[PDB]
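Participant: Have a look at this one before I ask anything.
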Amino acid sequence: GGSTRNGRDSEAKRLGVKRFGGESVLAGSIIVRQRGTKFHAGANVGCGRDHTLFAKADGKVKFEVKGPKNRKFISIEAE
Amino acid sequence: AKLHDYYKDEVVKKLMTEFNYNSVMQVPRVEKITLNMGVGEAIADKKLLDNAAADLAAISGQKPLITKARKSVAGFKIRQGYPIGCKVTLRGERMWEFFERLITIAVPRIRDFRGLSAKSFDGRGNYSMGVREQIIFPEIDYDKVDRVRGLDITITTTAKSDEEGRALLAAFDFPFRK
Amino acid sequence: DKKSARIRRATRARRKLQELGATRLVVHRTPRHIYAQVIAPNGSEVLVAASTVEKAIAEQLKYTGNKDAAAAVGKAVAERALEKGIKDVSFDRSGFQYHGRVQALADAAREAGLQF
Amino acid sequence: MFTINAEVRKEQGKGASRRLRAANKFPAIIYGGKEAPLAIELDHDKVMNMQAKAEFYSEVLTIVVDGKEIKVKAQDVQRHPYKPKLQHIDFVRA
Amino acid sequence: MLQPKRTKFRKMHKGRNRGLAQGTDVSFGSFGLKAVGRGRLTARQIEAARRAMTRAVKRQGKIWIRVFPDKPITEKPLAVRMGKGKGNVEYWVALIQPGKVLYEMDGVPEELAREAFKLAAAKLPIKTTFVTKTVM
RNA sequence: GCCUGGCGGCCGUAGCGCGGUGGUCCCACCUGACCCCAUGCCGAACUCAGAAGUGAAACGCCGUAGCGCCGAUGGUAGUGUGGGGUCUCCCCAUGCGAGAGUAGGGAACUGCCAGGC
RNA sequence: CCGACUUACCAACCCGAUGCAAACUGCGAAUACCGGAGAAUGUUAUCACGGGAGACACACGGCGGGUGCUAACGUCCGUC
RNA sequence: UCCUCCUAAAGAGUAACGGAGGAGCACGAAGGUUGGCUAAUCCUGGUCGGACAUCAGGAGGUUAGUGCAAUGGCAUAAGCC
């Protein structure tokens with residue numbers, strides 16, 4: 001019948017900036033809806049709840065592809 | 001003792017004569033025997049558990065394994081699955097003594113070899129036949145169960161050789177004496 | 001199969017230990033021999049090893065792969081780590097259940113002074 | 001014999017390809033898997049006339065480019081969608 | 001008639017016609033209707049042109065219909081205002097780019113093929129080309 | 001130097017399949033188990049003690065490209081910026097340039113430690 | 001008929017060729033966008049705080065579209 | 001009023017009486033940890049288990065599962081015991 005309904009979503013994409021000033025934790029990839037094809041490997045244990053990838057320590061963000069299934073990996077390493 | 005005594009006779013003669021085999025255990029060794037009952041949608045009966053105890057624990061005090069319908073696909077009324085499929089696998093040398101009591105009720109008496117029960121011949125590795133009869137009853141009364149007990153028994157070994165098809169049991173199930 | 005299932009059971013502890021970046025104490029168990037290895041957190045470079053395939057531990061025990069043989073293996077790897085100067089290694093179960101030979105290996109490493 | 005005359009291509013690219021087609025030519029390429037690929041330009045209507053004979057794809061033909069002769073086979077023909085003209089052809093050295 | 005029996009959604013957006021055609025070569029038969037210029041082929045005109053071709057060839061040879069009308073296009077009816085929902089589907093259409101072979105034939109000679117093709121192009125709103133020789 | 005075991009790197013040029021090869025060097029089958037633990041029953045699964053036998057399965061290595069996988073130069077589609085013709089589309093200058101296919105590549109390489117020669 | 005069945009249709013399925021998708025993706029541009037380093041130019045244009053507003057009824061044209069009939073000096077969006 | 005996809009132009013955001021669907025809960029386990037396991041489907045032998053009820057092997061990689069819509073994820077399966 002009447003199909004005029006929609007749900008508001010706010011931001012579902014990365015903002016890894018890698019040089020702007022943010023101490024330790026930043027929502028590197030927030031509301032990404034997934035934990036698997038963007039893991040955390042470098043700066044300890046990300047992907048807490050709602051799969052938001054957040055840093056551990058200060059540094060730049062590294063995007064790499066590794067693993068047997070060629071998934072992506074968000075890593076923070078210090079300067 | 002039964003496994004080694006069966007290893008003495010009619011096994012190592014199958015290694016060189018008919019089909020030459022490179023190793024000792026290239027011959028299809030008798031792996032685990034299993035039996036499966038066909039109890040239907042009736043859960044209200046209780047005969048299935050002590051029938052499984054009668055067919056499993058005629059010497060020991062073993063217990064069966066029962067589980068629900070976890071694949072859970074049916075055209076019938078039940079979806080999630082009551083316990084329907086009770087799986088029984090023997091322990092240790094009781095598999096061998098079950099085979100030994102089966103063949104000693106099969107060969108000298110023509111009751112267990114009633115007809116042409118072994119007409120199907122398989123070389124895949126699986127051979128099954130519903131016995132629909134007893135082998136050994138633990139009590140004095142040999143027939144107290146009203147059911148004909150159409151359970152399935154599947155010998156799990158590769159029957160490429162015809163020695164198991166002619167020597168131990170035959171297709172026409174006719175015991176022969178000289 | 002059995003080895004594939006063992007690796008799949010190990011993967012929790014392996015990527016967890018490689019992801020906290022901790023020195024690990026990895027076991028490999030065969031029915032004929034028992035192995036042990038301590039590995040730096042990068043994973044490509046190992047520090048010391050101890051096994052029953054070497055004669056230095058293998059002459060003492062009449063059978064390689066025993067409870068007290070695994071105890072001797074554990075005291076061997078733990079004294080090698082103590083003379084190398086490393087400490088606070090983490091036990092890496094690596095998919096064998098924590099029972100039997102690896103239990104003897106683990107409390108041998110515990111009573112030989114290698115803290116976890 | 002079905003000999004063709006070709007010249008080596010002056011410039012590569014989208015605009016060069018469209019300019020050659022506007023000037024009654026079309027690009028093509030010579031490749032063999034053992035020597036470097038060499039890109040040629042040809043008079044469009046002669047290749048039309050010797051393509052209308054269906055023996056182009058059966059026998060090995062010759063290309064007279066720059067004084068040297070290469071014996072090749074027609075690999076595939078890239079044609080215009082709605083025109084009897086074509087845009088590209090490919091050659092395998094044989 | 002010449003519509004999909006099931007479709008994932010009952011209406012889809014209008015869109016724009018793309019650049020060029022896709023699948024321009026004769027494949028099944030020996031002769032085909034190579035289209036020129038953009039347009040919209042509906043189900044009734046492709047049925048009419050196929051009926052004209054089959055009538056011209058007198059049940060001889062084989063006719064392949066290459067296109068399929070898989071796009072539902074909606075018409076708002078008469079004396080109804082604008083808005084208040086999309087219209088219901090009236091007819092089924094196949095989007096055509098220049099060069100797409102529409103029809104096919106094999107087993108008839110060149111004369112009867114070109115005759116049936118003349119009648120079909122007379123029924124259709126889209127022009128045709130002329131490459132007619134035998135297939136290898 | 002050769003052959004194996006463990007942990008890694010890179011993740012199919014690293015995979016599947018065919019034919020061959022190695023046996024207390026090693027690895028894997030194998031005997032027994034109400035000794036410790038275990039089976040929603042089962043010492044197939046998981047453990048313990050081990051001695052016979054085996055390369056059969058499995059593992060590993062080498063030829064096999066039969067398929068998977070990678071895959072250029074060109075051309076094509078598209079497009080950023082200027083300009084032009086217009087039934088909804090396209091052309092020209094310029095920059096960037098696919099995808100699918102084609103020629104082909106391809107049946108791995110390398111690091112630390114331990115064992116037998 | 002546990003042999004005359006197994007054809008003049010689906011051989012459920014599967015293989016080869018050809019298409020089609022805003023709610024398909026084993027691929028994938030140009031551009032935009034975010035963040036670094038460098039020169040040159042720009043009345044520091046950028047950011048913060050404080051005083052004072054207006055405005056929240058927009059229109060056409062080009063490009064990307066929804067709707068409409070790829071109708072409208074139609075309507076609703078993105079960008080100039 | 002709140003979710004999911006598309007329109008939405010490969011950062012977010014982006015309208016319509018535009019195109020399709022869902023929510024106003026549930027669970028003291030369907031939360032935590034430890035330990036374990038891998039699916040949907042095809043086939044041959046087998047009980048009036050006939051195409052599917054329970055078998056036993058190969059193929060077959062998630063083509064099933066997620067308490068409930070859709071999207072994004074899963075083998076560390078977040079699935080199952």
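Each chain in the structure tokens gets a letter, A, B and so on, in the order shown; residues start at 1 in every chain, and ligands are counted from 1 in the order they appear.
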What are the residues of chain F lining chain C at 10 Å or less? Count only C-alpha atoms (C1' of nucleotides), and put the answer as a VMD selection string.
Facilitator: chain F and resid 5 to 9 24 26 to 28 36 to 37 45 to 50 58 111 to 115
Participant: Listing only residues of chain A within 10 Å of chain E, what is the closest atom pair and its distance in Å (to one decimal) for each, using only C-alpha atoms, sorted by chain and residue number ascending, as JSON lines?
Facilitator:
```
{"residue": "A:1", "atom": "CA", "partner": "E:85", "partner_atom": "CA", "distance": 9.5}
{"residue": "A:2", "atom": "CA", "partner": "E:85", "partner_atom": "CA", "distance": 8.3}
{"residue": "A:3", "atom": "CA", "partner": "E:85", "partner_atom": "CA", "distance": 9.1}
{"residue": "A:4", "atom": "CA", "partner": "E:85", "partner_atom": "CA", "distance": 9.7}
```
Participant: Tell me the residues of chain E close to chain D, meaning within 9 Å using only C-alpha atoms, as a list in words.
Facilitator: residues 20, 21, 22, 24, 25, 34, 35, 36, 37, 98, 99, 100, 128, 129, 130, 131, 133 and 136 of chain E
Participant: Can you list, as a list in words, every protein, DNA or RNA residue that comes within 12 Å of residue 87 in chain F when you count only C-alpha atoms (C1' of nucleotides), leaving out same-chain residues fewer than 6 positions away?
Facilitator: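 Contacts, with the query itself left out: residues 37, 38 and 39 of chain E; 70 of chain G.
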Participant: With only C-alpha atoms (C1' of nucleotides) considered, list every residue of chain H at most 10 Å from chain C, as a ChimeraX atom specification.
Facilitator: /H:35-37,75-76
Participant: Contacts of residue 66 in chain H at 10 Å or less, counting only C-alpha atoms (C1' of nucleotides), minus same-chain residues fewer than 4 places along, as an MDAnalysis selection string?
Facilitator: chainID H and resid 74 78:79
Participant: Taking N, CA, C and O atoms (P, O5', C5', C4', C3', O3' and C1' of nucleotides) for each residue, export the selection above as a PDB file, in the first residue's frame.
Facilitator:
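New file out.pdb:
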```pdb
ATOM      1  P     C H  74      33.062 -11.705   6.977  1.00  0.00           P
ATOM      2  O5'   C H  74      32.684 -12.702   8.156  1.00  0.00           O
ATOM      3  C5'   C H  74      33.037 -12.409   9.504  1.00  0.00           C
ATOM      4  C4'   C H  74      32.554 -13.473  10.459  1.00  0.00           C
ATOM      5  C3'   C H  74      33.102 -14.873  10.200  1.00  0.00           C
ATOM      6  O3'   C H  74      33.376 -15.508  11.442  1.00  0.00           O
ATOM      7  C1'   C H  74      30.726 -14.906  10.131  1.00  0.00           C
ATOM      8  P     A H  78      32.256 -17.868  16.991  1.00  0.00           P
ATOM      9  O5'   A H  78      30.985 -16.967  17.298  1.00  0.00           O
ATOM     10  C5'   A H  78      29.675 -17.471  17.051  1.00  0.00           C
ATOM     11  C4'   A H  78      28.603 -16.444  17.314  1.00  0.00           C
ATOM     12  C3'   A H  78      27.590 -16.282  16.191  1.00  0.00           C
ATOM     13  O3'   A H  78      26.358 -15.827  16.731  1.00  0.00           O
ATOM     14  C1'   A H  78      28.799 -14.281  16.441  1.00  0.00           C
ATOM     15  P     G H  79      25.214 -16.879  17.113  1.00  0.00           P
ATOM     16  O5'   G H  79      25.322 -17.984  15.976  1.00  0.00           O
ATOM     17  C5'   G H  79      24.372 -18.029  14.929  1.00  0.00           C
ATOM     18  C4'   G H  79      24.355 -19.381  14.276  1.00  0.00           C
ATOM     19  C3'   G H  79      24.170 -20.561  15.214  1.00  0.00           C
ATOM     20  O3'   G H  79      22.805 -20.808  15.497  1.00  0.00           O
ATOM     21  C1'   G H  79      25.963 -20.982  13.724  1.00  0.00           C
TER      22        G H  79
END
```
Participant: Near range 57-68 of chain E, counting only C-alpha atoms (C1' of nucleotides), which residues have an atom at most 7 Å away, once you skip same-chain residues fewer than 2 positions from it, shown as a ChimeraX atom specification?
Facilitator: /E:2,53-55,70,94,101-108,112,116 /G:19
Participant: When distances are computed from only C-alpha atoms (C1' of nucleotides), which of E:33, E:82, E:124, E:41 shows the smallest separation from chain H?
Facilitator: E:82
Participant: Define the interface residues of chain D facing chain F as those within 8 Å, counting only C-alpha atoms (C1' of nucleotides), and report them as a PyMOL selection string.
Facilitator: chain D and resi 27-29+31-33+37+39+75+87-88+92
Participant: Take the residues just selected and output them with C-alpha atoms as a PDB file, in the first residue's frame.
Facilitator:
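Heads up, here's the output in again.pdb:
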```pdb
ATOM      1  CA  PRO D  27      44.173   0.989 -36.048  1.00  0.00           C
ATOM      2  CA  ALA D  28      45.358  -2.579 -35.726  1.00  0.00           C
ATOM      3  CA  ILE D  29      48.129  -4.422 -33.958  1.00  0.00           C
ATOM      4  CA  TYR D  31      51.445  -9.488 -31.831  1.00  0.00           C
ATOM      5  CA  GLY D  32      53.127 -12.866 -31.639  1.00  0.00           C
ATOM      6  CA  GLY D  33      53.981 -13.731 -28.026  1.00  0.00           C
ATOM      7  CA  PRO D  37      53.717  -5.763 -30.277  1.00  0.00           C
ATOM      8  CA  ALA D  39      50.778  -1.075 -33.932  1.00  0.00           C
ATOM      9  CA  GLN D  75      42.674 -13.004 -34.694  1.00  0.00           C
ATOM     10  CA  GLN D  87      37.106  -0.002 -35.999  1.00  0.00           C
ATOM     11  CA  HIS D  88      39.947  -2.427 -35.163  1.00  0.00           C
ATOM     12  CA  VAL D  92      48.541 -13.204 -34.373  1.00  0.00           C
TER      13      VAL D  92
END
```
Participant: With distances taken over only C-alpha atoms, which of A:25, A:15, A:53, A:41 is nearest to chain C?
Facilitator: A:41
Participant: I want to know what sits within 9 Å of residue 23 in chain G, based on only C-alpha atoms (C1' of nucleotides), with residues of the same chain fewer than 5 positions away left out; could you give that as an MDAnalysis selection string?
Facilitator: (chainID E and resid 9) or (chainID H and resid 5:6 19:20)
Participant: Give me the residues within 8 Å of residue 77 in chain A as a PDB file with N, CA, C and O atoms, in the first residue's frame, counting only C-alpha atoms (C1' of nucleotides) and dropping any in the same chain fewer than 2 places off.
Facilitator:
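Output (around02.pdb):
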```pdb
ATOM      1  N   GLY A  42      46.593  -4.250  14.287  1.00  0.00           N
ATOM      2  CA  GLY A  42      47.790  -3.552  14.695  1.00  0.00           C
ATOM      3  C   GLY A  42      47.758  -3.076  16.123  1.00  0.00           C
ATOM      4  O   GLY A  42      48.539  -3.538  16.959  1.00  0.00           O
ATOM      5  N   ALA A  43      46.854  -2.147  16.415  1.00  0.00           N
ATOM      6  CA  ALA A  43      46.784  -1.529  17.732  1.00  0.00           C
ATOM      7  C   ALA A  43      45.734  -2.266  18.560  1.00  0.00           C
ATOM      8  O   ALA A  43      44.633  -1.772  18.799  1.00  0.00           O
ATOM      9  N   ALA A  57      46.338   3.583  20.304  1.00  0.00           N
ATOM     10  CA  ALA A  57      47.394   4.519  20.636  1.00  0.00           C
ATOM     11  C   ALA A  57      47.519   5.528  19.510  1.00  0.00           C
ATOM     12  O   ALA A  57      46.892   5.396  18.458  1.00  0.00           O
ATOM     13  N   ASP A  58      48.332   6.550  19.753  1.00  0.00           N
ATOM     14  CA  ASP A  58      48.547   7.591  18.764  1.00  0.00           C
ATOM     15  C   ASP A  58      49.318   7.045  17.571  1.00  0.00           C
ATOM     16  O   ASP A  58      50.187   6.181  17.714  1.00  0.00           O
ATOM     17  N   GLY A  59      48.985   7.546  16.390  1.00  0.00           N
ATOM     18  CA  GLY A  59      49.749   7.213  15.207  1.00  0.00           C
ATOM     19  C   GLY A  59      48.913   7.396  13.956  1.00  0.00           C
ATOM     20  O   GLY A  59      47.848   8.006  13.989  1.00  0.00           O
ATOM     21  N   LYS A  60      49.427   6.850  12.860  1.00  0.00           N
ATOM     22  CA  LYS A  60      48.766   6.912  11.567  1.00  0.00           C
ATOM     23  C   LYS A  60      48.020   5.613  11.291  1.00  0.00           C
ATOM     24  O   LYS A  60      48.340   4.552  11.831  1.00  0.00           O
ATOM     25  N   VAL A  61      47.000   5.716  10.456  1.00  0.00           N
ATOM     26  CA  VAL A  61      46.148   4.583  10.126  1.00  0.00           C
ATOM     27  C   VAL A  61      46.717   3.903   8.895  1.00  0.00           C
ATOM     28  O   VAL A  61      47.054   4.566   7.908  1.00  0.00           O
ATOM     29  N   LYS A  62      46.843   2.585   8.950  1.00  0.00           N
ATOM     30  CA  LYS A  62      47.324   1.802   7.825  1.00  0.00           C
ATOM     31  C   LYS A  62      46.216   0.856   7.388  1.00  0.00           C
ATOM     32  O   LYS A  62      45.680   0.103   8.205  1.00  0.00           O
ATOM     33  N   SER A  75      45.165  -0.798  10.914  1.00  0.00           N
ATOM     34  CA  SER A  75      46.275  -0.846  11.847  1.00  0.00           C
ATOM     35  C   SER A  75      46.718   0.564  12.203  1.00  0.00           C
ATOM     36  O   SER A  75      46.795   1.435  11.332  1.00  0.00           O
ATOM     37  N   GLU A  79      54.457   7.083  15.354  1.00  0.00           N
ATOM     38  CA  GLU A  79      55.412   7.756  14.484  1.00  0.00           C
ATOM     39  C   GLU A  79      56.847   7.410  14.868  1.00  0.00           C
ATOM     40  O   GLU A  79      57.772   7.567  14.072  1.00  0.00           O
TER      41      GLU A  79
END
```
